[PDB]
A.B. asks: 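This is the structure I want to talk about, given as structure tokens.
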There are 4 protein chains.
Amino acid sequence: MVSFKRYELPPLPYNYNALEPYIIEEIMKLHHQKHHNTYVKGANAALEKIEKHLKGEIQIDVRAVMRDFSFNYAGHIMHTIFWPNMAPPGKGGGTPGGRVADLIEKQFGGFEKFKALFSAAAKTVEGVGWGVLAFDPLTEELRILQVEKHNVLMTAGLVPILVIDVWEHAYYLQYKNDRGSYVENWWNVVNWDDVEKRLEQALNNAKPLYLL
Amino acid sequence: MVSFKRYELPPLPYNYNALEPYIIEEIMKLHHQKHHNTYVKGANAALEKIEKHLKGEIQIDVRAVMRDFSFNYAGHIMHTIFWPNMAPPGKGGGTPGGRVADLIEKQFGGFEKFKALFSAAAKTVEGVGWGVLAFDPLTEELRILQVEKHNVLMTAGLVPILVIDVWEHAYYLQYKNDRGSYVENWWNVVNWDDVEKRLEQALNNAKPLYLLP
Amino acid sequence: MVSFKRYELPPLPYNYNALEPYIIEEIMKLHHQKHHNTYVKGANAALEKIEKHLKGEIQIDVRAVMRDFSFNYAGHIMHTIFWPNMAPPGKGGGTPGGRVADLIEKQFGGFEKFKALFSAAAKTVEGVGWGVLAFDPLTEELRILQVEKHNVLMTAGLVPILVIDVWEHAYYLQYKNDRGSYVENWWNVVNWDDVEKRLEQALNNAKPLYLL
Amino acid sequence: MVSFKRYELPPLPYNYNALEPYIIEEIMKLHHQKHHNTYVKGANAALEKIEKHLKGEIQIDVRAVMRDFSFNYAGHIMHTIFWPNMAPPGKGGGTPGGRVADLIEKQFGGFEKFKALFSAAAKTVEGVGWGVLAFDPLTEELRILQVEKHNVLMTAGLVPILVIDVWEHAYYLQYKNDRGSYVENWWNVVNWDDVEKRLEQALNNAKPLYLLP
């Protein structure tokens with residue numbers, strides 16, 4: 001038996017104030033240092049309980065510990081995508097090109113229609129959660145969905161290439177109740193270079209994971 | 001605009017009676033032709049609604065239609081893994097080798113501890129759902145978890161390589177309320193060659209999807 | 001401290017074969033003796049854990065134990081309503097009169113319209129759960145909703161007066177995947193006298209319970 | 001057929017700044033005028049959809065509209081209890097006497113142990129939701145549970161008599177990520193007279209609601 005590899009909190013690809021004016025420094029700081037950090041530690045804690053269980057050292061509720069792992073691991077991986085999905089205005093924002101633009105054109109009828117639908121999905125998440133643009137390994141096509149919490153409505157297979165966090169701690173200090181304005185503004189910091197790179201990996205790698 | 005590629009019900013990799021005595025023919029037929037088929041149709045129905053929305057032909061509740069897609073797509077992908085995860089006794093069953101056995105040693109301290117943990121996870125799914133063995137792209141290690149329905153507790157990243165369906169329609173006609181006995185018997189039809197192949201692809205393909213090279 | 005009052009499995013108001021041909025004996029047996037009994041046992045087990053913790057003997061994951069209580073308690077109370085909601089054909093079935101028929105007319109525009117709405121709610125439960133007719137203490141009106149598992153989508157306030165169990169174990173042995181036919185047949189064993197009494201109590205008790 | 005009775009936003013039983021310094025004015029204003037109002041509107045919006053469906057004017061996704069009704073009705077009712085559960089310091093805070101204190105002693109072994117269990121419940125809600133003290137009609141005893149969102153984990157029967165909102169919009173502007181300190185401070189505005197009145201109503205009404213002698 002080998003002790004599990006621990007999850008670690010990544011640094012941001014930019015400073016805490018680098019996404020101003022669209023997302024203020026205080027949100028970025030709390031969101032990274034408190035919230036994302038909590039999910040990293042929570043994922044590790046659940047794996048530690050599994051480890052101690054397997055070593056005959058403690059008793060565990062398997063369902064409970066796996067629910068804890070699920071929520072925290074999902075919080076961690078969604079955030080690991082979220083941060084580099086954004087970039088300071090200039091590098092961030094604008095209109096995508098490349099394969100992402102092509103698929104957006106073919107499936108959603110262009111960037112404006114895609115933007116409206118993605119925005120709708122993000123704005124209408126019930127409670128806290130995420131708006132998600134994903135690559136489907138079964139059809140090699142894009143799909144949009146919502147995730148509640150970090151780990152409800154998410155499915156196997158689908159590869160998130162672009163996500164927006166609509167947990168209240170992602171916008172409340174700046175936009176208060178007005179999630180809609182937050183979502184509208186977030187477009188100005190989308191790192192389309194990152195999304196394109198994610199799509200290219202998915203195009204090469206995703207289908208074979210399930211092809212078998 | 002071209003819109004969306006449709007999902008299709010795959011055939012089984014074996015005859016409906018091929019997993020007997022462990023899973024009876026009647027279950028395999030209903031499970032495939034009714035349940036799995038419904039998820040395929042449901043996934044396509046949701047995408048058709050999103051299509052009509054994008055054409056300005058209807059206004060949809062986006063949340064509602066995506067919940068429908070999420071449930072039915074998950075049902076479909078989970079079943080696409082479930083069927084080949086199994087094999088008639090002989091090719092199916094027994095103890096694994098290769099890379100899967102290696103990671104089972106490293107992560108769980110051997111097959112017997114892994115089996116006990118996977119079985120507990122499957123037996124104690126609250127309501128209907130799945131026991132899942134997955135490859136974690138972040139650490140390149142195996143993880144076990146439960147999924148409720150098809151789309152609750154599942155996370156991004158994790159790649160299922162071995163799944164057991166513990167929806168009541170997967171066992172009830174044969175094992176009745178005794179999900180425990182169903183889980184114990186299911187091990188006899190596990191296609192470890194298929195699991196090994198999935199792990200091989202995961203080891204090669206999964207990490208770069210999330211941590212960019 | 002006084003140790004919690006234990007939950008107990010009630011007997012059926014009728015023999016195991018009394019709802020035939022609409023619900024076969026093997027289902028009634030399994031459903032009552034195995035499934036309902038499990039929820040009684042689960043509810044008590046969760047409270048035993050809470051007690052050991054209150055006595056300071058063990059430390060518990062409060063979230064986990066409360067999730068266990070929620071699911072099993074809900075399973076218990078829903079079934080305590082479910083069994084007397086039904087009655088052997090003759091006592092069960094037919095068309096309601098009295099106060100139930102009256103507000104069915106007021107809220108739903110008649111029995112056939114109510115029936116179609118209730119049947120659809122029951123047939124379309126995603127996964128396992130319940131179709132529910134409830135009384136709303138805030139407006140003194142009837143509402144229909146679904147519950148998933150036993151404890152998802154249910155709300156405070158609403159008092160269930162008529163419930164149908166659409167967990168697969170409630171019908172699979174007889175109807176297989178055909179939940180639709182099960183819902184249709186179930187109408188023939190509905191104890192409208194029981195529903196009438198429940199409504200009467202709700203009319204008298206429910207509103208002066210929340211609005212103060 | 002008569003059109004449904006509409007839900008209405010009740011005003012606060014105190015000024016928006018009345019729970020200061022424990023809950024700031026801006027939070028009370030936003031929470032009531034924006035968030036609570038939204039649930040009232042959403043609950044009515046769902047009922048209007050059901051009404052048009054019953055009149056045969058539209059064919060609805062029954063599951064979707066009922067999910068909408070569930071969430072928004074729940075948000076409304078939970079808030080209708082939440083607001084009068086609190087009171088400006090003086091009337092609010094301290095420790096309860098009367099029947100609430102008696103039941104707390106018997107079920108939890110005293111206020112100290114109750115406060116510890118309820119605080120733990122509130123602080124550890126996964127995602128957004130509620131800590132709830134409820135009256136059980138089957139046993140006529142108090143029970144503590146969590147509710148996720150407004151409508152997950154809540155059961156039939158159980159009658160909420162004391163609730164704390166731990167959605168992020170209930171504390172974030174003041175306490176930021178520190179939900180723990182919010183929960184600790186919320187005890188100083190609890191309107192125990194209101195809780196007592198709720199318990200008395202439940203002792204008299206709850207059990208005879210599910211009785212059938």
Side-chain angles (χ1 to χ4, degrees), chain C residues 73 77 134-140 154-159 201-212, chain D residues 7 10-14 18-19 32 36 73-88 90-108 111 114-115 117-119 121-122 129-147 150 154-166 170 186-211:
Chain C
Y73 174 89
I77 196 163
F135 179 85
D136 174 17
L138 292 307
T139 60
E140 293 188 292
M154 189 53 190
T155 75
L158 303 176
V159 185
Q201 295 297 154
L203 290 158
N204 296 335
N205 288 307
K207 186 174 166 169
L209 181 72
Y210 290 99
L211 292 163
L212 59 86
Chain D
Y7 303 105
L12 256 40
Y14 36 76
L19 309 179
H32 183 254
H36 192 176
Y73 177 87
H76 176 45
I77 182 74
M78 294 295 289
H79 282 89
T80 66
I81 303 165
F82 185 58
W83 306 127
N85 270 171
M86 304 179 286
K91 193 190 176 188
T95 64
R99 201 73 175 261
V100 290
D102 171 61
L103 232 41
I104 281 171
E105 180 61 38
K106 297 203 177 200
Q107 264 88 88
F108 307 115
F111 181 75
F114 155 80
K115 187 186 187 295
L117 218 203
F118 187 95
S119 293
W130 301 81
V132 181
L133 173 65
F135 183 82
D136 174 21
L138 296 182
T139 57
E140 292 191 325
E141 289 177 0
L142 299 177
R143 296 290 181 254
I144 296 166
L145 63 48
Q146 292 176 334
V147 166
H150 302 127
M154 190 47 188
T155 76
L158 266 26
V159 181
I161 66 174
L162 178 60
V163 305
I164 183 181
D165 195 333
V166 295
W186 166 87
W187 291 102
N188 301 304
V189 299
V190 173
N191 185 0
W192 286 115
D193 180 55
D194 172 85
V195 184
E196 178 64 28
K197 284 170 164 68
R198 291 179 186 278
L199 176 57
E200 288 177 30
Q201 296 301 84
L203 283 155
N204 290 335
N205 294 127
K207 184 170 190 182
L209 189 62
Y210 301 97
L211 256 183

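Values below: every heavy atom of this structure, side chains too, minus hydrogens, waters and symmetry copies. Proteins get letters first, then strands, A, B, ... in listed order; numbering begins at 1 in each.
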A.B. asks: With rounding to the nearest 0.5 Å, note down the distance linking NE2 in D:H76 to CD1 in D:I81.
C.D. replies: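 Between atom NE2 of D:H76 and atom CD1 of D:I81 there are 10.0 Å.
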
A.B. asks: Might you point out which heavy atoms bring D:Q107 and D:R143 nearest each other, and give the distance in Å?
C.D. replies: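 Reported closest heavy-atom pair: CG-NH1, 4.4 Å.
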
A.B. asks: Taking D:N85 for the side chain and D:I161 for the main chain, is one N or O donor matched with an acceptor at less than 3.5 Å?
C.D. replies: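 Side chain of D:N85 to backbone of D:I161: a pair is present.
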
A.B. asks: Evaluate the side-chain proximity of D:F82 to D:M86: yes if any heavy-atom separation is below 4.5 Å, no if none is.
C.D. replies: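 Yes; the side chains approach each other to less than 4.5 Å.
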
A.B. asks: Kindly give the heavy-atom pair with the smallest separation between D:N205 and C:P208, and that separation in Å.
C.D. replies: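 Heavy-atom minimum between the residues: OD1-O, 3.0 Å.
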
A.B. asks: Give the minimum heavy-atom separation between D:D165 and D:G129, together with the two atoms involved.
C.D. replies: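 The pair with the smallest heavy-atom distance is OD1-O, 3.7 Å.
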
A.B. asks: Would you call the rings of D:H36 and D:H32 parallel, tilted or perpendicular, where under 30° means parallel and over 60° means perpendicular?
C.D. replies: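 Because their plane-to-plane angle is over 60°, the rings of D:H36 and D:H32 count as perpendicular.
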
A.B. asks: For the residue pair D:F111 and D:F114, categorise the inter-ring angle as parallel (less than 30°), tilted (30 to 60°) or perpendicular (more than 60°).
C.D. replies: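 If you compare the ring of D:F111 with that of D:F114, the planes turn out tilted.
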
A.B. asks: Pair D:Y73, C:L158 - check side-chain contact (heavy atoms from CB on, under 4.5 Å), show working.
C.D. replies: CA-CA 9 Å; D:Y73 177 87; C:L158 303 176; 3.6 Å; yes

A.B. asks: Counting C-beta onward and ignoring hydrogens, is there a side-chain heavy-atom pair between D:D194 and D:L162 closer than 4.5 Å?
C.D. replies: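 When only atoms from C-beta onward are counted, D:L162 and D:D194 do not touch, as no gap falls below 4.5 Å.
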
A.B. asks: Quick one, D:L211 and C:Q201 - any side-chain contact, counting heavy atoms below 4.5 Å?
C.D. replies: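 No, side chains not in contact.
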
A.B. asks: Is the shortest side-chain heavy-atom distance between C:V159 and D:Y210 below 4.5 Å?
C.D. replies: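 Yes, side chains in contact.
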
A.B. asks: D:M78 vs D:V132, test: side-chain contact (heavy atoms from CB on, under 4.5 Å). Steps then yes/no.
C.D. replies: CA-CA 10 Å; D:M78 294 295 289; D:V132 181; 3.8 Å; yes

A.B. asks: Tell me if the NZ atom of D:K91 is crowded by more than 12 foreign heavy atoms within 6.0 Å.
C.D. replies: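 At most 12 heavy atoms, drawn from other residues, nucleotides or ligands, come within 6.0 Å of this atom.
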
A.B. asks: Just by modelled atom types, is the C:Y210 backbone N or O under 3.5 Å from a matching donor or acceptor in the D:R198 side chain?
C.D. replies: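 Checked: pair present.
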
A.B. asks: Going through the distances and angles, do D:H79 and D:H150 end up as a side-chain contact (heavy atoms from CB on, under 4.5 Å)?
C.D. replies: CA-CA 10 Å; D:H79 282 89; D:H150 302 127; 3.9 Å; yes

A.B. asks: If the condition is salt bridge (charged side-chain N to carboxylate O under 4.0 Å, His left out), which residues does D:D193 pass it with, not counting sequence neighbours?
C.D. replies: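 With sequence neighbours excluded, D:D193 shows a salt bridge (charged side-chain N to carboxylate O under 4.0 Å, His left out) to D:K197, given in chain and number order.
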
A.B. asks: Is there a side-chain contact between D:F108 and D:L133, using heavy atoms and a 4.5 Å cut-off?
C.D. replies: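 Yes, at least one pair of side-chain atoms sits under 4.5 Å.
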
A.B. asks: Find out whether D:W186 and D:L19 are in side-chain contact, i.e. whether some heavy atom of one side chain is under 4.5 Å from a heavy atom of the other.
C.D. replies: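 No - every pair of side-chain heavy atoms lies 4.5 Å or more apart.
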
A.B. asks: For D:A121 versus D:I144, what's the shortest heavy-atom pair and its separation?
C.D. replies: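 Taking every non-hydrogen atom into account, CB-CG2, 3.9 Å.
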
A.B. asks: Evaluate side-chain contact (heavy atoms from CB on, under 4.5 Å) for D:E140 paired with D:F135, printing each intermediate quantity in order.
C.D. replies: CA-CA 7 Å; D:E140 292 191 325; D:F135 183 82; 3.6 Å; yes

A.B. asks: Would you compute the distance between atom OG1 of D:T95 and atom CD1 of D:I104 and round it to the nearest 0.5 angstrom?
C.D. replies: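 The CD1 atom of D:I104 is 9.5 Å from OG1 of D:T95, to the nearest 0.5 Å.
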
A.B. asks: Any heavy-atom pair between the side chains of D:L209 and D:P137 that's under 4.5 Å?
C.D. replies: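 No, every pair of side-chain atoms sits at 4.5 Å or beyond.
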
A.B. asks: Distance only, no hydrogens: is a donor on one side chain within 3.5 Å (strictly under) of an acceptor on the other, for D:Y14 and D:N191?
C.D. replies: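 Result is no, nothing qualifies.
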
A.B. asks: Do D:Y7 and C:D136 have side-chain heavy atoms sitting under 4.5 Å apart?
C.D. replies: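 Yes - at least one pair of side-chain heavy atoms lies under 4.5 Å apart.
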
